[PDB]
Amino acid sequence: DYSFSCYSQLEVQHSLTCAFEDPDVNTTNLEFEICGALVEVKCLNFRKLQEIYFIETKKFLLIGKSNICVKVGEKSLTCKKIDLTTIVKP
């Protein structure tokens, strides 16, 4: 499977990072997506770097559990629903 463990930074720009937990993923053509608790659009796409996906946008509502999914093209690969206020790095 393609599980992952995200962590967010926000003490007052709203940042959210997600790193794959599986050891050797191809990590090509697949992209992360964040839905729910957004302003203008219902879903927004991450940005890849090395093997970590990064989304930095102050348009977060910070309410409820937001849905982080992985898509390969237009089909979803896996999904999870996490509260962004609990995933905070030290």
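Numbering starts at 1 and follows the sequence shown.
- The deposited sequence places 1 to 3 unmodelled residues between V12 and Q13.
- Looking at the C-alpha B-factors along this chain, the one for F32 belongs to the highest third.
- Sort the chain's modelled residues by C-alpha temperature factor and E74 lands in the lowest third, per the entry.
- In the deposited entry, the Cα temperature factor of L44 places it in the lowest third of its chain's modelled residues.
- In the PDB entry, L61 places in the middle third of its chain by CA B-factor.
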